[PDB]
Amino acid sequence: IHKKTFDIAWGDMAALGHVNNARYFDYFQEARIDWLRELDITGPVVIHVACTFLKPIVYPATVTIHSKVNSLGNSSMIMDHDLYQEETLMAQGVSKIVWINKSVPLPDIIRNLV
Amino acid sequence: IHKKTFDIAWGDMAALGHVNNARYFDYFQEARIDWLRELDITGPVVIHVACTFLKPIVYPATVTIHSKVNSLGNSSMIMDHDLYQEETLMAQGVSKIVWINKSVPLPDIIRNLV
Amino acid sequence: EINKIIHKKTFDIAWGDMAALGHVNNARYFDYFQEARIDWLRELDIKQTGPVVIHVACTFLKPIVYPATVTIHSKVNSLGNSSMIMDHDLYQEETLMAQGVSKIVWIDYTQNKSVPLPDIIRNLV
Amino acid sequence: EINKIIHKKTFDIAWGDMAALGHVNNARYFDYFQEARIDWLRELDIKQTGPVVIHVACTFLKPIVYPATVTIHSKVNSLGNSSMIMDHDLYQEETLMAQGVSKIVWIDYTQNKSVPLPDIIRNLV
């Protein structure tokens, strides 16, 4: 639903030779900001973030983050990021985003991302 | 069980004025490496990592990561990181670490961290 | 010959690149010059003996702000026996936001001994 | 007076600071000088008008490797009307791993106009 291609930086690599896991969260966050900026987004805050590391990534690489929403509970949402190197899936991201200091019903430009 | 005090860097702050969430994973990872280095640790790999963001952090700050293990299923472990600013809890980290490309029984210097 | 722009790299600023006071951290600029330089050496087919950075500098003429698409135009000069200098001009649109400089030396990595510059770089005279 | 070490900061290298080829990335050095400089200005009680970095440089004499405890000894010179220079020597143990330099200018932030240096810095003559 939202796609972002980009290249791994040589300095995103940690000493044992592949992307630091923490940079995966820099990647998912940029992807989230990008998408929200397209949508022209009282605000969200990330309450939770997680990654599952399937395959380690090496320089050089071109990768693509397929972002999608998967549940809206009013005032809350869950958002998935899938990180592909070529057709291979290298990691799964998942963020819980809330709207706000108290809970405001979900914007209506995302209710509509369905 | 493992404690690490340290100071937030001015450049760990993102534009809206408080620590980038992604740096929380730099913090938990260093804490994990530190501890494993004390323990003198075929190897682990992080398969999963997650954070829950309770309170945002601002410069300057002194914070402390209380790390502990919480389940060993042979060949797997779950490790918690709790990040305190003063006596206040600012976020909860949780990593799943596995030993290895196939599953080796858990080292015996961690079985012993009980 | 030398002081010509032999490399141009376009890209976008990550929202995380920004420091607290609302412009790009200045350490990150070096991350950008570092990427322009590595990409350029890949063109040339360069990647046990090889380049290391002995010095690097940057002058900050204008601050950069998210969102932003910048371009780095790289040129080279001062080739010595092992050494070479590489200037980077970082543009946003038509405006020059910063001028970088990085001195690179060729060594034997395992033996840390200075070693004469590759031929493919020498031919840029 | 000026060129004396007026600041010393001890710390440890993060395992993440290292770049692929097994020593500390060179952008991160600037993160260290940046922290030494901010800490020093906090001593002096410095934090709408204030310092910005116009230039920053570093010479890399020896590579740093994880694990490592380093010390940055900072000194100042070349005070001008708005400008000042600040040298950083980065030590591991008794060995000098890199020499940094950073030129700072005092401005009005909202108005980007050069402004005369604070008195508390001037008194270091």
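The deposited coordinates, according to the entry record, derive from X-ray crystallography at 2.60 Å resolution.

*Asks:* Just checking my understanding: could you explain the interface of chain C and chain D for this structure?
*Replies:* In this complex, chain C contributes 15 residues to the contact, which on the side of chain D involves 15 residues. Approximately 1400 Å² of surface area, both sides summed, lies buried where chain C meets chain D, with 54% of it carried by carbon and sulfur atoms. When the area that chain C buries against chain D is broken down by residue, the three leading residues are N26, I54 and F60 of chain C, summing to 27%. On the surface where chain C and chain D come into contact, there are 0 salt bridges. Connecting chain C to chain D are 10 residue pairs in polar contact. Those elements giving two or more residues to the side of chain C that touches chain D turn out to be α1 (27-43) and β2 (49-60) of chain C. The element best represented in the side of chain C that touches chain D is β2 of chain C, accounting for 8 residues. The class makeup of the residues in the side of chain C that touches chain D is 8 nonpolar, 5 polar and 2 charged. Two strands pair when backbone bridges link them, and β2 of chain C and strand β2 (residues 49-60) of chain D are joined in this way by 5 bridges, in the antiparallel orientation. Among the inter-strand pairings, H55 of chain C is bridged to a residue of β2 of chain D, identified as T59 of chain D.

*Asks:* How should I be thinking about the interface of chain C and chain B in this particular structure?
*Replies:* Where interface size is given, it is often the accessible area lost as the parts come together that is meant. Listed by partner, the interface residues are 7 residues for chain C and 7 residues for chain B. Buried area between chain C and chain B, summed over both chains or domains, comes out near 610 Å², and the portion from carbon and sulfur atoms is 69%. Among the residues of chain C in contact with chain B, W15, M18 and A20 of chain C are the three that bury the most area, contributing 67% of the side total. The interface formed by chain C and chain B holds 0 residue pairs in polar contact in total.

*Asks:* It is not clear to me how the relation of the copies chain C and chain D should be interpreted in this structure. Could you clarify?
*Replies:* Mapping between the two chain copies consists of a rotation about an axis together with a translation along that axis. Of the two same-sequence chains, chain C is brought onto chain D (RMSD 0.0 Å, axial shift 0.0 Å) by a rotation of 180°. Look at the turn and shift together and you get a two-fold axis relating the two. For chain C, the minimum C-alpha distance to the rotation axis belongs to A57 of chain C and amounts to 2.0 Å. By residue overlap, the copies meet face to face through one surface: 100% of the interface positions of chain C are interface positions in chain D.

*Asks:* Would you mind going over α1 of chain C with me for this structure?
*Replies:* Quick reminder: α-helices carry 3.6 residues per turn. Residues three or four places apart thus point the same way. Residues and elements named next belong to chain C. Under the 1.5 Å per step criterion, the end-to-end length of α1 is 25 Å for 17 residues, consistent within 8% with the ideal 24 Å. Taken across its 17 residues, α1 has 12 buried, putting it largely inside the fold. Restricting attention to buried positions, one finds in α1 the residues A27, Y29, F30, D31, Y32, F33, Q34, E35, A36, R37, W40 and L41.

*Asks:* Which parts of the structure should I look at to understand the packing of aromatic side chains?
*Replies:* Think of a pair of aromatic rings as described by two things: how far the centres are apart, and how the planes are tilted against each other in angle. If you walk through the whole model with that rule in mind, you get 18 aromatic pairs over all chains. Note on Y29 of chain C and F60 of chain C: the rings are 4.9 Å apart at their centroids and 75° apart in plane angle, and the pair reads as edge-to-face. With relative accessibility at 2%, the residue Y29 of chain C sits in the buried group. On the numbers, 6.2 Å between centres and 85° between planes, the contact of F30 of chain D with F33 of chain D is edge-to-face. Taken together, the positions of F30 of chain D and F33 of chain D, both in helix α1 (residues 27-43) and 3 residues apart, correspond to about one turn of that helix. Given a relative accessible area of 1%, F33 of chain D falls into the buried group.

*Asks:* Before we go on, may I ask you to explain the pairing of strand β2 (residues 44-53) of chain B in this structure?
*Replies:* Every other side chain in a regular strand lies on the same face of the sheet, so the side chains alternate between the two faces. Here 5 bridges tie strand β2 (residues 44-53) of chain A to β2 of chain B, and the two strands are oriented antiparallel to one another. Of the residues in β2 of chain B, the one forming a bridge with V49 of chain A is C51 of chain B. Of the pairings in the sheet, the one linking β2 of chain B to strand β5 (residues 88-99) of chain B comprises 9 bridges and is antiparallel in character. By the bridge assignment, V45 of chain B is partnered in β5 of chain B with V98 of chain B.

*Asks:* Explain the environment of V105 of chain C here, please?
*Replies:* Residue and element names in this part refer to chain C. When you line up the elements, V105 lands in strand β5 (residues 95-108). On a C-alpha basis, the gap between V105 and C58 in space is 18 Å, while along the polypeptide they are 47 residues apart. Sequence-distant contacts of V105, that is, excluding residues within four places in its chain, are made with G50, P51, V52, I54, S82 and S83.

*Asks:* How do you make sense of the sheet that holds strand β1 (residues 2-7) of chain A when you look at a structure like this?
*Replies:* Strands belonging to one sheet form pairs held by backbone hydrogen bonds; the direction of such a pair is parallel or antiparallel. Reading across from one edge, β1(A)-β3(A)-β4(A)-β5(A)-β2(A)-β2(B)-β5(B)-β4(B)-β3(B)-β1(B) is the order of the 10 strands in this open sheet, with antiparallel pairing throughout. Two strands in the sheet have a free side with no partner beyond their single neighbour: β1 of chain A together with β1 (2-7) of chain B. Here the strands of the sheet are splayed against their neighbours by 20° on average, with no regard to which way each runs. Seen against the sheet, helix α1 (residues 21-38) of chain B touches β2 of chain A together with β1, β2, β3 (62-73), β4 (76-85) and β5 of chain B and runs at an angle of roughly 135° to β2 of chain B.

*Asks:* What exactly am I supposed to notice about the packing of helix α1 (residues 21-38) of chain A against α1 of chain B here?
*Replies:* Two numbers describe a pair of packed helices, the interaxial angle and the distance between the axes. In contact at an axis separation of 8 Å, α1 of chain A and α1 of chain B are set at 170° when each is read in the N-to-C sense. On the basis of the axis angle, α1 of chain A is roughly antiparallel to α1 of chain B. Touching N21, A22, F25, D26 and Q29 of chain A of α1 of chain A are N21, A22, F25, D26 and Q29 of chain B, all from α1 of chain B. Here the contact of α1 of chain A with α1 of chain B is built from residues that sort into 4 nonpolar, 4 polar and 2 charged.

About the cut-offs
- Note on numbering: residues are counted from 1 along each chain in the order of its written sequence, which can differ from the entry, and residues with no coordinates are hidden.
- Key to labels: chains lettered from A, ligands numbered from 1, both in the order written.
- Computation of side-chain values: all heavy atoms of the structure, hydrogens and water removed.
- Residues with missing side-chain atoms are left out of burial classes, side-chain pairs and their counts.
- For this analysis, residues touch if any pair of their heavy atoms sits within 4.5 Å.
- Summed over both partners, the accessible area lost on bringing two parts together, with a 1.4 Å probe, is the buried area.
- Salt-bridge detection follows one rule: a side-chain nitrogen of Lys or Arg within 4 Å of a carboxyl oxygen of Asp or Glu.
- Counted as a polar contact is a pair of N or O atoms within 3.5 Å, where, for protein atoms, one must be capable of donating a hydrogen and the other of accepting one, and residues adjacent in sequence contribute only when both atoms are in side chains.
- Secondary structure elements are taken from DSSP: a helix is a run of H or I of four residues or more, a strand is a run of E of two residues or more, and numbering for both begins at the N terminus.
- Following the grouping adopted for this structure description, the nonpolar residues are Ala, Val, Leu, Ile, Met, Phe, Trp, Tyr, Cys and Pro, the charged ones are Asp, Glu, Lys and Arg, and the polar ones are all others, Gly among them.
- By this definition, two strands are paired if DSSP reports at least two bridges between them.
- Least-squares superposition on the C-alpha atoms is how the copies are aligned.
- Helix span is expected to be 1.5 Å times the residue number reduced by one.
- Residue exposure (1.4 Å probe, protein chains only): buried if accessible area is under 20% of the type maximum, exposed if over 50%, otherwise partly exposed.
- Only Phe, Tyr and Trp rings are paired, with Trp represented by its six-membered ring, and only when their centres lie within 6.5 Å; those with planes under 30 degrees apart are stacked, over 60 edge-to-face, the remainder tilted.
- Axis definition: a line fitted to C-alpha atoms, over the contacting stretch in the case of helices. Angles run 0 to 180 degrees between N-to-C directions.
- Here the angle decides the label: under 35 degrees means roughly parallel, over 145 means roughly antiparallel, 65 to 115 means roughly perpendicular, and every other value means oblique.

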